[PDB]
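> Following this message is one structure expressed as structure tokens.
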Amino acid sequence: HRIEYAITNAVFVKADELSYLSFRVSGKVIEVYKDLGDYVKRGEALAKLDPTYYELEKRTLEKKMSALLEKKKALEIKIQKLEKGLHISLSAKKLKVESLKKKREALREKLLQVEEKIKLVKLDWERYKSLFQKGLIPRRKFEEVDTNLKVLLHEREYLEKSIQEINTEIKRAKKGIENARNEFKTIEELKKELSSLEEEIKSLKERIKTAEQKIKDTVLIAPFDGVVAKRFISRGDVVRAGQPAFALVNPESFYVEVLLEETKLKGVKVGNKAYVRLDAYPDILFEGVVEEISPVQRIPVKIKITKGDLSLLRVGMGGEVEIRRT
Ligand SMILES: [Mg+2]
């Protein structure tokens with residue numbers, strides 16, 4: 001027909017790089033949104049699994065979650081009720097030490113004044129004694145001093161027994177303070193449990209987060225723009241994680257493969273123009289160059305596409321092809 005053009009009807013649309021899609025979890029397919037031949041946009045849902053199980057699993061965890069928030073606050077009350085069972089309780093024993101210590105400092109000063117007087121009257125006593133021995137004073141004057149000294153002396157150790165008695169009671173109130181140091185130590189023992197509870201919560205929020213992933217993974221969405229080259233699954237099939245559900249072809253992957261009789265290969269060569277008419281698309285002329293030639297006896301020639309709507313091609317399409325001789 002034309003010696004400028006090798007013409008052939010042995011043409012196959014093929015795909016170099018396709019990708020297999022899978023669910024990241026296992027389950028029962030319940031819906032198929034896309035089929036063999038569909039063009040799909042990155043993000044589209046292709047198919048969906050029954051999620052009830054993964055949703056139960058999540059909510060089984062949300063039960064146990066609120067059952068650990070009904071303990072966290074249960075003994076956040078308990079530990080803040082023992083924390084005020086010692087604050088108003090210690091501030092009271094503190095004032096009855098700051099009240100005994102002032103009541104004591106009142107005595108220790110009246111005791112000092114009395115000890116002042118006793119110092120003087122002791123001297124008078126010594127003197128008046130010596131003067132009575134020598135006949136230089138009446139006895140009336142010396143015993144007068146003597147019984148004054150007796151008064152001061154037993155109004156003294158009245159003050160000082162009234163001191164060692166207000167000092168043992170103080171020491172007792174001060175031991176009672178040490179008991180509350182064992183109180184807060186048992187509170188901190190109760191507190192080594194609160195942080196081990198919100199540590200069981202920290203890891204539960206994580207198990208939840210992971211369950212919500214499994215639930216989200218029940219919808220198979222498309223990782224890139226492409227056309228569905230194969231569909232391996234049907235409604236009601238049980239699939240496994242990572243098991244192929246579709247094959248997706250990157251439209252840039254498409255090429256035409258031509259099986260050329262060796263005879264009509266005369267002037268054909270890598271780089272040469274080529275022209276493809278697929279039966280599926282009468283009103284479109286795909287266009288390309290000869291990418292490579294492999295070493296009734298036909299030779300496979302690979303054609304790279306350079307003009308025409310790639311999103312329209314399907315693996316397996318036939319038609320007619322003209323290659324330019326040189
Ligand atoms: Mg034809």
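By order in the structure tokens, chains are A, B, ...; within a chain, residues start at 1; ligands start at 1, following the order shown.
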Using only C-alpha atoms, which protein or nucleic acid residues come within 10 Å of residue 68 (chain A)? Drop anything in the same chain fewer than 6 positions from it, and give the result as a PyMOL selection string.
chain A and resi 62+74+197-198+200-201+204
> Which residues are near ligand 1 - at most 7 Å, using only C-alpha atoms and all ligand atoms? Format: as a PyMOL selection string.
chain A and resi 9+279+319-320
> For those residues, write C-alpha atoms to a file as a short mmCIF file (atom, residue, chain, number, x, y, z; two decimals), in the first residue's frame.

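So the final result, stored in part.cif, reads:
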```
data_model
loop_
_atom_site.label_atom_id
_atom_site.label_comp_id
_atom_site.auth_asym_id
_atom_site.auth_seq_id
_atom_site.Cartn_x
_atom_site.Cartn_y
_atom_site.Cartn_z
CA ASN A 9 -2.60 -5.30 12.74
CA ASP A 279 -10.41 -0.15 17.51
CA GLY A 319 -5.88 -2.01 16.29
CA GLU A 320 -3.60 -1.01 13.43
#
```
> Find, counting only C-alpha atoms, the residue in A:180, A:245, A:278, A:317 that gets nearest to residue 87 (chain A).
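Using only C-alpha atoms, residue 87 (chain A) sits closest to A:180.
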> Pick out each residue of region 36-271 of chain A that DSSP on the backbone tags as alpha helix (DSSP H); I need them as a ChimeraX atom specification.
/A:52-66,69-72,74-81,87-95,100-133,139-154,157-191,200-216
> To one decimal place in Å, what is the distance between CA of residue 241 (chain A) and CA of residue 218 (chain A)?
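Calculated distance between CA of residue 241 (chain A) and CA of residue 218 (chain A) is 10.2 Å.
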> I want to know what sits within 12 Å of residue 318 (chain A), based on only C-alpha atoms, with residues of the same chain fewer than 6 positions away left out; could you give that as number ranges by chain?
A: 8-14, 255-259, 276-282
> Considering only C-alpha atoms, return as a PDB file with C-alpha atoms, in the first residue's frame whatever protein or nucleic-acid residues lie within 6 Å of residue 230 (chain A), sequence-local ones (same chain, fewer than 2 positions apart) excluded.

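Below is the file that was written, selection22.pdb:
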```
ATOM      1  CA  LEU A  36     -11.453  -3.526  35.603  1.00  0.00           C
ATOM      2  CA  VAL A 228      -7.515  -0.621  37.075  1.00  0.00           C
ATOM      3  CA  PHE A 246      -6.381  -4.727  42.282  1.00  0.00           C
ATOM      4  CA  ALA A 247      -3.626  -3.939  39.865  1.00  0.00           C
TER       5      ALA A 247
END
```
> Find the residues around residue 252 (chain A) up to 10 Å (only C-alpha atoms counted), leave out those fewer than 6 positions away in its own chain, and share them as a list in words.
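Counting only the stated atoms, we get residues 15, 16, 17, 226, 304, 305, 310 and 311 of chain A.
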> Name all residues at most 8 Å from region 91-104 of chain A (count only C-alpha atoms; drop same-chain ones fewer than 2 positions away) and give them as number ranges by chain.
A: 87-89, 106-108, 163, 166, 170, 173-174, 177
> State, in Å with one decimal place, the distance from CA of residue 315 (chain A) to CA of residue 48 (chain A).
25.1 Å
> With only C-alpha atoms as the atoms that count, which of A:227, A:211, A:118, A:285 lies nearest to residue 38 (chain A)?
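Checking each candidate against residue 38 (chain A), we get A:227 as the closest.
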> Env of residue 186 (chain A): 12 Å cut, atoms = only C-alpha atoms, seq-sep filter 5 positions within chain, self excluded. Answer as a PyMOL selection string.
chain A and resi 79+82-83+179-181+191-193
> For the selection just defined, write its residues with N, CA and C atoms to a file, as a PDB file, in the first residue's frame.

```
ATOM      1  N   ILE A  79      -6.587  10.788  97.454  1.00  0.00           N
ATOM      2  CA  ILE A  79      -5.263  11.306  97.800  1.00  0.00           C
ATOM      3  C   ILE A  79      -5.262  12.814  98.026  1.00  0.00           C
ATOM      4  N   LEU A  82      -6.691  12.971 101.870  1.00  0.00           N
ATOM      5  CA  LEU A  82      -5.694  12.673 102.886  1.00  0.00           C
ATOM      6  C   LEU A  82      -4.629  13.768 102.881  1.00  0.00           C
ATOM      7  N   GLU A  83      -4.609  14.554 101.808  1.00  0.00           N
ATOM      8  CA  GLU A  83      -3.678  15.672 101.668  1.00  0.00           C
ATOM      9  C   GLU A  83      -4.205  16.932 102.359  1.00  0.00           C
ATOM     10  N   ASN A 179       4.516  11.310 113.487  1.00  0.00           N
ATOM     11  CA  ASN A 179       3.525  10.346 113.016  1.00  0.00           C
ATOM     12  C   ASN A 179       2.924  10.740 111.666  1.00  0.00           C
ATOM     13  N   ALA A 180       2.812  12.045 111.425  1.00  0.00           N
ATOM     14  CA  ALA A 180       2.262  12.558 110.172  1.00  0.00           C
ATOM     15  C   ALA A 180       3.300  12.545 109.044  1.00  0.00           C
ATOM     16  N   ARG A 181       4.569  12.381 109.409  1.00  0.00           N
ATOM     17  CA  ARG A 181       5.629  12.179 108.424  1.00  0.00           C
ATOM     18  C   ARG A 181       5.545  10.751 107.875  1.00  0.00           C
ATOM     19  N   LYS A 191       0.614   7.239  96.011  1.00  0.00           N
ATOM     20  CA  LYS A 191       0.834   8.044  94.812  1.00  0.00           C
ATOM     21  C   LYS A 191       1.695   7.351  93.757  1.00  0.00           C
ATOM     22  N   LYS A 192       2.464   6.346  94.171  1.00  0.00           N
ATOM     23  CA  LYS A 192       3.263   5.566  93.229  1.00  0.00           C
ATOM     24  C   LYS A 192       2.330   4.646  92.446  1.00  0.00           C
ATOM     25  N   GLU A 193       1.043   4.731  92.773  1.00  0.00           N
ATOM     26  CA  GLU A 193       0.002   3.957  92.115  1.00  0.00           C
ATOM     27  C   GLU A 193      -0.774   4.810  91.115  1.00  0.00           C
TER      28      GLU A 193
END
```
